[PDB]
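In: Experimental structure and sequence below.
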Amino acid sequence: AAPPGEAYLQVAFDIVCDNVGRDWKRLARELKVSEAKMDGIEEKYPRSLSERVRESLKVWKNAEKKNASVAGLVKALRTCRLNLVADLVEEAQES
């Protein structure tokens, strides 16, 4: 059901998570992720970058479908302000 190509996206979600990890919560609110999920992850995890972003990133990744590829998130994150993760996925792809 979710993006079957989660393997490639998961690699990008890994370098970017440990880099701008807190900015996914910022993007999660923009993506209108389940408010209930944020309530549990935020309250349960007061300082875990991995714990808060993973749940919020999981729901966003499922709704992305074709946008589950980096071209989707890298285009959006860098155009707005997340140049940090853009540089990460960028050098990873070499191009």
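Out: Looks like it came in fine. Residues are numbered from 1 along each chain as shown.
In: Now do the helix or strand where residue 87 lies: which elements does it pack against?
Out: For residue 87, the host element (DSSP states H and E) is helix 83-93. Judged by 3 or more CB pairs under 8 Å, 6 or more residues apart in numbering; DSSP states H and E, helix 83-93 is in contact with helix 6-30, helix 70-80. For every residue, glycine as well, the C-beta is placed using N, CA and C.
In: and stretch 76-95, which residues are buried?
Out: 77-78, 82, 85-86, 88-89 (16 or more other CB atoms under 10 Å).
In: got CSV for those, with distance to residue 29 too?
Out: Listed next are these as CSV, based on distance: CB to CB, whole Å:
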residue, distance to residue 29
77, 14
78, 19
82, 14
85, 17
86, 20
88, 22
89, 22
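In: and which of those residues is nearest residue 11?
Out: Distance to residue 11 across the buried residues of stretch 76-95 (CB to CB) is lowest for residue 89, with 8.9 Å.
In: my read: the closest one touches residue 16, true?
Out: Yes. Using CB atoms under 8 Å, residue 89 is in contact with residue 16, at 6.4 Å.
In: Which neighbours do those two have in common?
Out: residue 73 (CB atoms under 8 Å, 6 or more residues apart in numbering).
In: do you know how far the residue nearest the centre of the chain is from residue 71?
Out: Most central in the chain under CA atoms, centre = their mean is residue 57, positioned 4.6 Å from the mean C-alpha point. Distance, residue 57 to residue 71, using CB to CB, to the nearest Å: 17 Å.
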